[PDB]
Amino acid sequence: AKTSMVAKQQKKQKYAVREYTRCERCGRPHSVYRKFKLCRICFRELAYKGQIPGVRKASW
Amino acid sequence: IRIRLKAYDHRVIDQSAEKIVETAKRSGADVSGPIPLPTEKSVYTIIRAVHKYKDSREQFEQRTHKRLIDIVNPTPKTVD
Amino acid sequence: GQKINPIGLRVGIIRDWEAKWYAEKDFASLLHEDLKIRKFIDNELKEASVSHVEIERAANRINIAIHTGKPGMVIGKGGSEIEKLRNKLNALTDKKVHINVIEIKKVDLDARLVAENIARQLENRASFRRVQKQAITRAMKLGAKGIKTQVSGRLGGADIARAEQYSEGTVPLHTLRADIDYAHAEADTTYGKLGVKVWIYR
Amino acid sequence: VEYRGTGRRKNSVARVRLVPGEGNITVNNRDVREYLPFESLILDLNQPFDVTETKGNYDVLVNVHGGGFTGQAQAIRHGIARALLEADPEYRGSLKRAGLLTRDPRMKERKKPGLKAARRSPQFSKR
RNA sequence: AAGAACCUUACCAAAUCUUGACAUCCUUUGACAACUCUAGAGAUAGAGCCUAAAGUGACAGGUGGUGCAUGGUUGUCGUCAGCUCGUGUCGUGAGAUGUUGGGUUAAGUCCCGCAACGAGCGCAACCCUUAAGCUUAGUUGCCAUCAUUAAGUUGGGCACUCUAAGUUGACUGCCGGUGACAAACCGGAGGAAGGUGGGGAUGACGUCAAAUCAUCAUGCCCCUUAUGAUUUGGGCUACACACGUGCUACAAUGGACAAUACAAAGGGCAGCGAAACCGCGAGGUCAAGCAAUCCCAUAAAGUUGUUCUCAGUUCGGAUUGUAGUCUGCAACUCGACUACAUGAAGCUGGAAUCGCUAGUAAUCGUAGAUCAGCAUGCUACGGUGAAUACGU
């Protein structure tokens, strides 16, 4: 039921506090990060082999 | 990158499948193209809130139309 | 009589979408910024002649292009509002990627310009049929069909809700390629919340 | 696809709703080894099955129509045989050595009017 | 109801501040009373802290009925197999064949001679479903041409299957088949697709206000220290129950309770479980992954308990009350689960009514649109799915 969980994420009806904002297209809703629409699991795969300047190591 | 492509309708996903191949072509690496995605979904009707005959929740459909076009070797010029 | 003219499945071969961008994770985010920038352009459009939207942010080319019919004072005397739009979009998020404009040929083809000459007298509860019988003939001179005066309740100035059947012409919907404009728009000028059953067609 | 299989054996056609994967053959929705009246070769009742090599790769769960006491038996085997033809084209070429299409060239003749069995007759009744 | 306690009760005895918990303003100034404190059940409200709040008046918050007066139509007899309109055609006035003749599919109407022609949106499809073989992918997906194969497969994109995440052939059209002047659709190998693939979706214009100030707009209405409102003395459940509805135990051609082998629709950073924590139960686990997976899998039959034995017996998810769950403050004067005890009537049944086709109706498994106290009703599809037509 991942397709039905990736579909109903930001459904706005009479109550907009029912939809849970999670991984936009990927999964692993927990053990990640959600605030600017970018889950660690998804971002890591989206930054695989250094894509968009986001996945780094440290360097202060 | 193994990422999907959820646009709007059928032509919305068709123009997004050719636009993603253009941005990926800019970068100097292997690029893909067409992606088999066999049609598969369902539909159902119920009630809304006020008055609106049949077909509750004025929306297109519950189609899970998406894609899978992306880049293989992303470089510093892969951001554009 | 719920003739809504299913254009959703009717278009897609000539009428795609206004917003275009290669995404699935940035889709909701990109769509969230689409309406975020539409909350400031709608107040700056002041009911302008906008047929569709040219938001093609695919292939790294993000640009909230607004038709706005003929280039008048909306863009400013010589693009004086284009430089002031930078901060406008900069205040929302951090986009402002030089929004462009588009010259709309045949401006009297949408249901906005026809409702700004024949439906502009309905704001003062005046002519709502005599002037509603016009424009369709002018639309026929352009080459298209036009709109069809219709109502479900509150016929003009009256406390008794009344319907109508003044359909000057038909509307083709038996084909799966038929192109229909169907530009719905209402105004609440101390009249109350109510829906109309007006029918339009290219 | 292995449903609606056509298999006629001595006037005993029977459709089979075989499913790919599950191998739960339950003729009459139960035991099929203590149902057939005779059928001495209960294990050798499926000759094409051996060459088909799909014994435990398809669930029958069908039924039998018409036929005789033992004439209704060995009819679902050909019923799933034709169902395997549409389920895979390799089966057709895999069973080119046998290829069972028709096995009912005659019927059953017994008591009849005029002639004994409408072919033979009494000759020198033994005393 | 997007689910009757209490914040929501918006009913009244109500309190208490009543130009007001008030929804909002010019005006100042302790910016809030977040911070101590006051009538405190408490907003409301009074020095003090970094030195909305003192608020007249402009102005409130509010559930008594309609709807035969109209709206958004909650729904409804009907989504009838039909409504239509000049024209040519003419009434002392109700006047049109409007479809007209071969005649086939699931598509108000196939062209023997038929006042001759045109009605528009639904009605075949247009919205939706989708391909078994395989493009795909060979990834949470199992493997023939390849196995260290962690249902989070750790592999080799290792070999492709049964495969997901845009549809496709196909369906009328000659079709095997002849209507007699006459097509054809059925279905013959037709392909898995018995022919719109199987099919559905479809709300045509309507009719009934039947329903709606308590589904709202309103012809608009009902309270003005009380119908509001910060909220307790306290609520529409607990008494004879008068019904529909909530599963239910009435039996040995069998009970509660062992371990228990095998899809699920959906649930989840605080929440799902393999012997383990949780295996009579209502719950007190932090938690591996953290959502094609991972969890429900301790589900199910063709493959299993037990046991008490023509019955009150280890057959009774009723009441009742100390009390554990869910909430315990308004239940003192409003709900329940299975138990430490109480565990009724109950041997196929009332006034009166309701129910029945081999992966689905049903049924082992079984499901919520969800309120801070009612899940005990059909509610998801892998397989138990066993059974299918005197009669027009």
# chains A, B, ... in the order shown; residues from 1 in each chain; ligands from 1
$ residues_around --residues "residue 45 of chain A" --least-positions-apart "4" --cutoff "10 Å" --atoms "only C-alpha atoms (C1' of nucleotides)" --output "CSV table (one decimal) with C-alpha atoms, in the first residue's frame"
chain,number,residue,atom,x,y,z
A,26,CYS,CA,10.4,8.1,-1.6
A,39,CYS,CA,13.7,13.4,3.4
A,40,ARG,CA,17.3,12.2,4.3
A,41,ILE,CA,16.6,8.7,2.6
A,49,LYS,CA,27.2,10.3,-6.6
A,50,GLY,CA,27.1,14.1,-5.8
A,51,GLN,CA,24.1,15.5,-7.6
A,55,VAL,CA,24.9,15.7,0.3
B,1,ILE,CA,19.5,8.6,-8.7
B,2,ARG,CA,16.5,6.2,-9.0
B,3,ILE,CA,13.8,9.0,-8.6
$ closest_atom_pairs --of "chain B" --to "chain E" --cutoff "9 Å" --atoms "only C-alpha atoms (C1' of nucleotides)" --output "tab-separated table"
residue	atom	partner	partner_atom	distance
B:2	CA	E:139	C1'	8.7
B:4	CA	E:165	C1'	8.5
B:10	CA	E:166	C1'	7.4
B:13	CA	E:166	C1'	8.6
B:14	CA	E:166	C1'	8.5
B:35	CA	E:136	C1'	6.9
B:36	CA	E:136	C1'	4.2
B:37	CA	E:165	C1'	5.1
B:38	CA	E:166	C1'	6.0
B:39	CA	E:167	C1'	5.9
B:40	CA	E:130	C1'	7.1
B:41	CA	E:129	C1'	7.3
B:42	CA	E:129	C1'	6.6
B:43	CA	E:128	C1'	6.7
B:49	CA	E:215	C1'	8.7
B:50	CA	E:215	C1'	6.9
B:51	CA	E:72	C1'	5.8
B:52	CA	E:72	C1'	8.3
B:53	CA	E:203	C1'	7.9
B:54	CA	E:203	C1'	7.7
B:61	CA	E:128	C1'	8.9
B:64	CA	E:165	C1'	7.2
B:65	CA	E:165	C1'	7.0
B:66	CA	E:165	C1'	6.2
B:67	CA	E:165	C1'	6.9
B:68	CA	E:165	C1'	8.3
$ write_last_selection --atoms "N, CA and C atoms" --output "PDB file, in the first residue's frame"
ATOM      1  N   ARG B   2      17.706   7.074  -9.282  1.00  0.00           N
ATOM      2  CA  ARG B   2      16.496   6.241  -9.034  1.00  0.00           C
ATOM      3  C   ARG B   2      15.407   7.099  -8.376  1.00  0.00           C
ATOM      4  N   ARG B   4      11.429   9.179  -9.024  1.00  0.00           N
ATOM      5  CA  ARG B   4      10.227   9.131  -9.909  1.00  0.00           C
ATOM      6  C   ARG B   4       9.931  10.503 -10.533  1.00  0.00           C
ATOM      7  N   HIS B  10      -1.648  13.120 -18.217  1.00  0.00           N
ATOM      8  CA  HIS B  10      -0.871  12.247 -19.136  1.00  0.00           C
ATOM      9  C   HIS B  10       0.111  13.091 -19.956  1.00  0.00           C
ATOM     10  N   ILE B  13       2.964  14.583 -17.837  1.00  0.00           N
ATOM     11  CA  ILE B  13       4.059  13.609 -17.548  1.00  0.00           C
ATOM     12  C   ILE B  13       4.842  13.351 -18.840  1.00  0.00           C
ATOM     13  N   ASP B  14       4.203  13.572 -19.993  1.00  0.00           N
ATOM     14  CA  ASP B  14       4.854  13.353 -21.313  1.00  0.00           C
ATOM     15  C   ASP B  14       5.865  14.476 -21.575  1.00  0.00           C
ATOM     16  N   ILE B  35      10.379   5.201 -20.537  1.00  0.00           N
ATOM     17  CA  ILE B  35      10.363   4.300 -19.345  1.00  0.00           C
ATOM     18  C   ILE B  35       9.029   3.549 -19.235  1.00  0.00           C
ATOM     19  N   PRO B  36       8.970   2.243 -19.586  1.00  0.00           N
ATOM     20  CA  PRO B  36       7.745   1.439 -19.462  1.00  0.00           C
ATOM     21  C   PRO B  36       7.050   1.614 -18.103  1.00  0.00           C
ATOM     22  N   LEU B  37       5.763   1.977 -18.131  1.00  0.00           N
ATOM     23  CA  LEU B  37       4.956   2.199 -16.899  1.00  0.00           C
ATOM     24  C   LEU B  37       3.521   1.724 -17.158  1.00  0.00           C
ATOM     25  N   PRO B  38       3.280   0.414 -17.407  1.00  0.00           N
ATOM     26  CA  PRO B  38       1.943  -0.134 -17.711  1.00  0.00           C
ATOM     27  C   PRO B  38       0.771   0.442 -16.899  1.00  0.00           C
ATOM     28  N   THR B  39      -0.284   0.930 -17.556  1.00  0.00           N
ATOM     29  CA  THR B  39      -1.456   1.524 -16.841  1.00  0.00           C
ATOM     30  C   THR B  39      -2.035   0.553 -15.797  1.00  0.00           C
ATOM     31  N   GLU B  40      -2.404   1.047 -14.596  1.00  0.00           N
ATOM     32  CA  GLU B  40      -2.980   0.193 -13.508  1.00  0.00           C
ATOM     33  C   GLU B  40      -3.541   1.018 -12.333  1.00  0.00           C
ATOM     34  N   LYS B  41      -4.878   1.186 -12.238  1.00  0.00           N
ATOM     35  CA  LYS B  41      -5.552   1.889 -11.092  1.00  0.00           C
ATOM     36  C   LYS B  41      -7.035   1.474 -10.934  1.00  0.00           C
ATOM     37  N   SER B  42      -7.858   2.307 -10.271  1.00  0.00           N
ATOM     38  CA  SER B  42      -9.276   2.026  -9.919  1.00  0.00           C
ATOM     39  C   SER B  42     -10.008   3.341  -9.623  1.00  0.00           C
ATOM     40  N   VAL B  43     -11.320   3.273  -9.365  1.00  0.00           N
ATOM     41  CA  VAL B  43     -12.130   4.495  -9.071  1.00  0.00           C
ATOM     42  C   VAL B  43     -13.294   4.124  -8.143  1.00  0.00           C
ATOM     43  N   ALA B  49     -19.786  17.391   0.838  1.00  0.00           N
ATOM     44  CA  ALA B  49     -20.186  18.165   2.038  1.00  0.00           C
ATOM     45  C   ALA B  49     -21.528  18.861   1.787  1.00  0.00           C
ATOM     46  N   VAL B  50     -21.594  19.706   0.753  1.00  0.00           N
ATOM     47  CA  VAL B  50     -22.845  20.445   0.408  1.00  0.00           C
ATOM     48  C   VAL B  50     -23.632  19.630  -0.624  1.00  0.00           C
ATOM     49  N   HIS B  51     -24.006  20.263  -1.742  1.00  0.00           N
ATOM     50  CA  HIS B  51     -24.772  19.584  -2.822  1.00  0.00           C
ATOM     51  C   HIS B  51     -23.946  19.581  -4.113  1.00  0.00           C
ATOM     52  N   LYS B  52     -23.728  18.397  -4.696  1.00  0.00           N
ATOM     53  CA  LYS B  52     -22.937  18.275  -5.951  1.00  0.00           C
ATOM     54  C   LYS B  52     -23.182  16.900  -6.585  1.00  0.00           C
ATOM     55  N   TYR B  53     -24.453  16.604  -6.902  1.00  0.00           N
ATOM     56  CA  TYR B  53     -24.956  15.345  -7.529  1.00  0.00           C
ATOM     57  C   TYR B  53     -24.090  14.130  -7.168  1.00  0.00           C
ATOM     58  N   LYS B  54     -23.515  13.487  -8.190  1.00  0.00           N
ATOM     59  CA  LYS B  54     -22.641  12.294  -8.004  1.00  0.00           C
ATOM     60  C   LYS B  54     -21.173  12.704  -8.176  1.00  0.00           C
ATOM     61  N   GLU B  61      -8.843  12.291 -10.970  1.00  0.00           N
ATOM     62  CA  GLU B  61      -8.914  10.840 -10.645  1.00  0.00           C
ATOM     63  C   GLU B  61      -7.842  10.499  -9.602  1.00  0.00           C
ATOM     64  N   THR B  64      -2.103   7.071 -10.355  1.00  0.00           N
ATOM     65  CA  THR B  64      -0.748   7.203  -9.755  1.00  0.00           C
ATOM     66  C   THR B  64       0.271   7.449 -10.872  1.00  0.00           C
ATOM     67  N   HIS B  65      -0.108   8.252 -11.873  1.00  0.00           N
ATOM     68  CA  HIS B  65       0.784   8.566 -13.021  1.00  0.00           C
ATOM     69  C   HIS B  65       2.081   9.205 -12.514  1.00  0.00           C
ATOM     70  N   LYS B  66       3.226   8.600 -12.848  1.00  0.00           N
ATOM     71  CA  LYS B  66       4.556   9.118 -12.428  1.00  0.00           C
ATOM     72  C   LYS B  66       5.567   8.851 -13.549  1.00  0.00           C
ATOM     73  N   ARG B  67       6.856   8.775 -13.203  1.00  0.00           N
ATOM     74  CA  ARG B  67       7.933   8.513 -14.195  1.00  0.00           C
ATOM     75  C   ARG B  67       9.150   7.928 -13.468  1.00  0.00           C
ATOM     76  N   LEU B  68      10.321   7.947 -14.112  1.00  0.00           N
ATOM     77  CA  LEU B  68      11.558   7.398 -13.490  1.00  0.00           C
ATOM     78  C   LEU B  68      12.791   7.922 -14.236  1.00  0.00           C
TER      79      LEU B  68
END
$ closest_atom_pairs --of "chain C" --to "chain E" --cutoff "7 Å" --atoms "only C-alpha atoms (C1' of nucleotides)" --output "JSON lines"
{"residue": "C:1", "atom": "CA", "partner": "E:205", "partner_atom": "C1'", "distance": 6.6}
{"residue": "C:153", "atom": "CA", "partner": "E:71", "partner_atom": "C1'", "distance": 5.3}
{"residue": "C:154", "atom": "CA", "partner": "E:71", "partner_atom": "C1'", "distance": 6.9}
{"residue": "C:160", "atom": "CA", "partner": "E:70", "partner_atom": "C1'", "distance": 4.3}
{"residue": "C:161", "atom": "CA", "partner": "E:70", "partner_atom": "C1'", "distance": 5.1}
{"residue": "C:174", "atom": "CA", "partner": "E:126", "partner_atom": "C1'", "distance": 5.7}
{"residue": "C:175", "atom": "CA", "partner": "E:126", "partner_atom": "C1'", "distance": 5.8}
{"residue": "C:176", "atom": "CA", "partner": "E:126", "partner_atom": "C1'", "distance": 5.5}
{"residue": "C:192", "atom": "CA", "partner": "E:217", "partner_atom": "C1'", "distance": 6.9}
{"residue": "C:193", "atom": "CA", "partner": "E:217", "partner_atom": "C1'", "distance": 7.0}
$ residues_around --residues "segment 33-50 of chain D" --least-positions-apart "3" --cutoff "6 Å" --atoms "only C-alpha atoms (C1' of nucleotides)" --output "tab-separated table (two decimals) with C-alpha atoms, in the first residue's frame"
chain	number	residue	atom	x	y	z
D	53	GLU	CA	6.73	-31.38	-16.37
D	74	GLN	CA	-8.70	-38.87	-17.74
D	77	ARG	CA	-5.73	-33.98	-17.96
$ interface_residues --of "chain A" --to "chain B" --cutoff "10 Å" --atoms "only C-alpha atoms" --output "PyMOL selection string"
chain A and resi 3-4+6-8+13-14+24-26+42-53
$ closest_atom_pairs --of "chain D" --to "chain E" --cutoff "9 Å" --atoms "only C-alpha atoms (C1' of nucleotides)" --output "Markdown table"
| residue | atom | partner | partner_atom | distance |
| --- | --- | --- | --- | --- |
| D:1 | CA | E:132 | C1' | 4.8 |
| D:2 | CA | E:192 | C1' | 7.8 |
| D:3 | CA | E:192 | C1' | 8.4 |
| D:20 | CA | E:162 | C1' | 7.2 |
| D:21 | CA | E:162 | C1' | 7.6 |
| D:26 | CA | E:302 | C1' | 7.7 |
| D:28 | CA | E:386 | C1' | 8.3 |
| D:29 | CA | E:386 | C1' | 6.6 |
| D:30 | CA | E:302 | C1' | 5.7 |
| D:31 | CA | E:302 | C1' | 8.2 |
| D:61 | CA | E:358 | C1' | 7.9 |
| D:62 | CA | E:358 | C1' | 7.4 |
| D:63 | CA | E:358 | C1' | 8.6 |
| D:86 | CA | E:192 | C1' | 6.6 |
| D:87 | CA | E:132 | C1' | 7.3 |
| D:88 | CA | E:133 | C1' | 7.3 |
| D:89 | CA | E:133 | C1' | 8.3 |
$ closest_residue --among "A:11, A:22, A:37, A:28" --to "chain C" --atoms "only C-alpha atoms"
A:37
$ atom_distance --atom1 "atom CA of residue 43 of chain C" --atom2 "atom CA of residue 109 of chain C"
22.7 Å
$ select_by_dssp --residues "segment 21-98 of chain C" --states "helix (DSSP H, G or I)" --output "ChimeraX atom specification"
/C:26-45,85-92
$ write_last_selection --atoms "C-alpha atoms" --output "PDB file, in the first residue's frame"
ATOM      1  CA  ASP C  26       9.913  18.946  -5.792  1.00  0.00           C
ATOM      2  CA  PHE C  27       6.413  18.536  -7.370  1.00  0.00           C
ATOM      3  CA  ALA C  28       4.413  19.336  -4.194  1.00  0.00           C
ATOM      4  CA  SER C  29       7.114  21.911  -3.224  1.00  0.00           C
ATOM      5  CA  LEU C  30       7.115  23.405  -6.778  1.00  0.00           C
ATOM      6  CA  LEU C  31       3.260  23.381  -6.734  1.00  0.00           C
ATOM      7  CA  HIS C  32       3.348  25.019  -3.244  1.00  0.00           C
ATOM      8  CA  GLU C  33       5.512  27.868  -4.680  1.00  0.00           C
ATOM      9  CA  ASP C  34       3.230  28.041  -7.784  1.00  0.00           C
ATOM     10  CA  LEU C  35       0.191  29.109  -5.666  1.00  0.00           C
ATOM     11  CA  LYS C  36       2.562  31.087  -3.354  1.00  0.00           C
ATOM     12  CA  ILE C  37       3.561  33.315  -6.347  1.00  0.00           C
ATOM     13  CA  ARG C  38      -0.089  33.277  -7.604  1.00  0.00           C
ATOM     14  CA  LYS C  39      -1.231  35.029  -4.360  1.00  0.00           C
ATOM     15  CA  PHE C  40       0.752  38.181  -5.365  1.00  0.00           C
ATOM     16  CA  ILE C  41       0.329  38.132  -9.202  1.00  0.00           C
ATOM     17  CA  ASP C  42      -3.503  37.782  -8.882  1.00  0.00           C
ATOM     18  CA  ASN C  43      -3.606  41.030  -6.801  1.00  0.00           C
ATOM     19  CA  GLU C  44      -1.278  42.702  -9.383  1.00  0.00           C
ATOM     20  CA  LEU C  45      -3.270  41.385 -12.415  1.00  0.00           C
ATOM     21  CA  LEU C  85       8.827  42.443  -9.550  1.00  0.00           C
ATOM     22  CA  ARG C  86      12.335  41.199  -8.543  1.00  0.00           C
ATOM     23  CA  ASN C  87      11.860  42.117  -4.825  1.00  0.00           C
ATOM     24  CA  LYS C  88       8.128  41.171  -5.083  1.00  0.00           C
ATOM     25  CA  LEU C  89       9.097  37.516  -5.846  1.00  0.00           C
ATOM     26  CA  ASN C  90      12.206  37.892  -3.591  1.00  0.00           C
ATOM     27  CA  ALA C  91       9.899  38.694  -0.615  1.00  0.00           C
ATOM     28  CA  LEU C  92       7.962  35.395  -1.100  1.00  0.00           C
TER      29      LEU C  92
END
$ interface_residues --of "chain E" --to "chain A" --cutoff "6 Å" --atoms "only C-alpha atoms (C1' of nucleotides)" --output "list in words"
residues 269, 290, 291 and 292 of chain E
$ residues_around --residues "segment 320-326 of chain E" --least-positions-apart "5" --cutoff "9 Å" --atoms "only C-alpha atoms (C1' of nucleotides)" --output "PyMOL selection string"
chain E and resi 282-283+336-337+339-340+342+373
$ select_by_dssp --residues "segment 14-78 of chain D" --states "strand (DSSP E)" --output "mmCIF file with N, CA, C and O atoms, in the first residue's frame"
data_model
loop_
_atom_site.group_PDB
_atom_site.id
_atom_site.type_symbol
_atom_site.label_atom_id
_atom_site.label_comp_id
_atom_site.auth_asym_id
_atom_site.auth_seq_id
_atom_site.Cartn_x
_atom_site.Cartn_y
_atom_site.Cartn_z
ATOM 1 N N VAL D 19 -4.482 -22.381 -12.138
ATOM 2 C CA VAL D 19 -3.831 -21.082 -11.791
ATOM 3 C C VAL D 19 -2.311 -21.286 -11.787
ATOM 4 O O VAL D 19 -1.858 -22.323 -11.265
ATOM 5 N N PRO D 20 -1.509 -20.349 -12.342
ATOM 6 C CA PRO D 20 -0.050 -20.495 -12.371
ATOM 7 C C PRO D 20 0.566 -20.321 -10.974
ATOM 8 O O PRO D 20 0.210 -19.377 -10.292
ATOM 9 N N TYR D 58 0.576 -26.336 -11.204
ATOM 10 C CA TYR D 58 -0.772 -25.849 -11.602
ATOM 11 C C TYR D 58 -1.842 -26.514 -10.729
ATOM 12 O O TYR D 58 -1.777 -27.741 -10.520
ATOM 13 N N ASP D 59 -2.796 -25.715 -10.239
ATOM 14 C CA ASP D 59 -3.906 -26.227 -9.390
ATOM 15 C C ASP D 59 -5.157 -26.381 -10.262
ATOM 16 O O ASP D 59 -5.595 -25.369 -10.839
#
$ closest_residue --among "A:10, A:20, A:57, A:33" --to "chain C" --atoms "only C-alpha atoms"
A:10
$ atom_distance --atom1 "atom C1' of residue 48 of chain E" --atom2 "atom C1' of residue 27 of chain E"
24.7 Å
$ residues_around --residues "segment 103-117 of chain D" --least-positions-apart "4" --cutoff "7 Å" --atoms "only C-alpha atoms (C1' of nucleotides)" --output "ChimeraX atom specification"
/D:9-10,121
$ write_last_selection --atoms "C-alpha atoms" --output "compact mmCIF listing (two decimals), in the first residue's frame"
# COMPACT_ATOMS: atom_id res chain seq x y z
CA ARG D 9 -12.36 -37.79 -24.06
CA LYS D 10 -14.97 -40.38 -25.24
CA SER D 121 -25.35 -60.68 -34.66
$ closest_residue --among "E:143, E:62, E:266, E:260" --to "residue 368 of chain E" --atoms "only C-alpha atoms (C1' of nucleotides)"
E:266
$ closest_atom_pairs --of "chain C" --to "chain B" --cutoff "12 Å" --atoms "only C-alpha atoms" --output "Markdown table"
| residue | atom | partner | partner_atom | distance |
| --- | --- | --- | --- | --- |
| C:1 | CA | B:53 | CA | 10.6 |
| C:2 | CA | B:53 | CA | 8.3 |
| C:3 | CA | B:53 | CA | 11.7 |
| C:4 | CA | B:58 | CA | 11.5 |
| C:6 | CA | B:60 | CA | 10.1 |
| C:7 | CA | B:60 | CA | 10.6 |
| C:8 | CA | B:60 | CA | 7.2 |
| C:9 | CA | B:60 | CA | 8.7 |
| C:10 | CA | B:9 | CA | 11.9 |
| C:11 | CA | B:11 | CA | 9.3 |
| C:12 | CA | B:11 | CA | 5.6 |
| C:13 | CA | B:11 | CA | 7.3 |
| C:14 | CA | B:11 | CA | 9.3 |
| C:15 | CA | B:11 | CA | 8.8 |
| C:16 | CA | B:11 | CA | 5.8 |
| C:17 | CA | B:12 | CA | 6.2 |
| C:18 | CA | B:12 | CA | 9.3 |
| C:19 | CA | B:12 | CA | 8.6 |
| C:20 | CA | B:12 | CA | 6.9 |
| C:21 | CA | B:16 | CA | 6.2 |
| C:22 | CA | B:16 | CA | 4.8 |
| C:23 | CA | B:5 | CA | 5.2 |
| C:24 | CA | B:5 | CA | 4.3 |
| C:25 | CA | B:5 | CA | 7.9 |
| C:26 | CA | B:6 | CA | 9.4 |
| C:27 | CA | B:6 | CA | 6.8 |
| C:28 | CA | B:6 | CA | 9.2 |
| C:30 | CA | B:7 | CA | 10.6 |
| C:31 | CA | B:7 | CA | 9.9 |
| C:56 | CA | B:19 | CA | 9.7 |
| C:57 | CA | B:19 | CA | 9.5 |
| C:58 | CA | B:19 | CA | 5.8 |
| C:59 | CA | B:23 | CA | 4.7 |
| C:60 | CA | B:80 | CA | 5.3 |
| C:61 | CA | B:80 | CA | 8.5 |
| C:62 | CA | B:80 | CA | 10.8 |
| C:194 | CA | B:51 | CA | 11.9 |
| C:195 | CA | B:51 | CA | 11.1 |
$ residues_around --residues "residue 81 of chain D" --least-positions-apart "2" --cutoff "9 Å" --atoms "only C-alpha atoms (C1' of nucleotides)" --output "number ranges by chain"
D: 2, 5-7, 48-49, 52, 76-79, 83-85, 91, 100
$ residues_around --residues "residue 250 of chain E" --least-positions-apart "2" --cutoff "8 Å" --atoms "only C-alpha atoms (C1' of nucleotides)" --output "PyMOL selection string"
chain E and resi 346-348
$ decode --residues "segment 195-236 of chain E" --atoms "C-alpha atoms (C1' of nucleotides)" --output "PDB file, in the first residue's frame"
ATOM      1  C1'   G E 195     -17.134 -10.351 -28.417  1.00  0.00           C
ATOM      2  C1'   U E 196     -19.040  -2.238 -26.016  1.00  0.00           C
ATOM      3  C1'   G E 197     -12.123  -7.078 -24.430  1.00  0.00           C
ATOM      4  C1'   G E 198     -15.640  -8.875 -19.900  1.00  0.00           C
ATOM      5  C1'   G E 199     -17.526  -4.609 -18.811  1.00  0.00           C
ATOM      6  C1'   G E 200     -18.955  -0.704 -16.193  1.00  0.00           C
ATOM      7  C1'   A E 201     -18.983   4.545 -15.687  1.00  0.00           C
ATOM      8  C1'   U E 202     -23.548   7.830 -17.753  1.00  0.00           C
ATOM      9  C1'   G E 203     -27.365  11.535 -13.984  1.00  0.00           C
ATOM     10  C1'   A E 204     -30.519  13.162 -20.703  1.00  0.00           C
ATOM     11  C1'   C E 205     -34.041  18.179 -19.980  1.00  0.00           C
ATOM     12  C1'   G E 206     -37.257  16.763 -15.018  1.00  0.00           C
ATOM     13  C1'   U E 207     -40.833  15.648 -10.540  1.00  0.00           C
ATOM     14  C1'   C E 208     -41.650  15.811  -5.508  1.00  0.00           C
ATOM     15  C1'   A E 209     -39.086  21.582  -0.958  1.00  0.00           C
ATOM     16  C1'   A E 210     -40.505  15.451   0.209  1.00  0.00           C
ATOM     17  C1'   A E 211     -35.446  17.854   3.719  1.00  0.00           C
ATOM     18  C1'   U E 212     -32.809  22.263   5.353  1.00  0.00           C
ATOM     19  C1'   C E 213     -32.727  28.814   9.804  1.00  0.00           C
ATOM     20  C1'   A E 214     -31.876  22.928  13.757  1.00  0.00           C
ATOM     21  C1'   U E 215     -27.596  21.530   5.251  1.00  0.00           C
ATOM     22  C1'   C E 216     -27.259  26.939   4.494  1.00  0.00           C
ATOM     23  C1'   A E 217     -28.444  31.323   1.331  1.00  0.00           C
ATOM     24  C1'   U E 218     -32.500  33.760   2.955  1.00  0.00           C
ATOM     25  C1'   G E 219     -39.501  36.430   2.090  1.00  0.00           C
ATOM     26  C1'   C E 220     -35.231  35.476   6.400  1.00  0.00           C
ATOM     27  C1'   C E 221     -35.211  34.361  11.385  1.00  0.00           C
ATOM     28  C1'   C E 222     -35.271  33.052  18.043  1.00  0.00           C
ATOM     29  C1'   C E 223     -32.935  35.465  22.902  1.00  0.00           C
ATOM     30  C1'   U E 224     -30.548  41.871  24.609  1.00  0.00           C
ATOM     31  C1'   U E 225     -27.462  40.523  33.086  1.00  0.00           C
ATOM     32  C1'   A E 226     -30.728  35.374  29.438  1.00  0.00           C
ATOM     33  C1'   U E 227     -31.503  30.820  24.247  1.00  0.00           C
ATOM     34  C1'   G E 228     -25.523  33.094  24.401  1.00  0.00           C
ATOM     35  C1'   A E 229     -21.215  33.146  27.442  1.00  0.00           C
ATOM     36  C1'   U E 230     -14.978  31.523  31.363  1.00  0.00           C
ATOM     37  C1'   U E 231     -18.528  27.120  33.512  1.00  0.00           C
ATOM     38  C1'   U E 232     -19.923  24.025  38.201  1.00  0.00           C
ATOM     39  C1'   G E 233     -25.695  22.565  41.893  1.00  0.00           C
ATOM     40  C1'   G E 234     -26.284  19.368  36.992  1.00  0.00           C
ATOM     41  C1'   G E 235     -28.155  17.029  31.534  1.00  0.00           C
ATOM     42  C1'   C E 236     -31.137  13.771  26.311  1.00  0.00           C
TER      43        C E 236
END
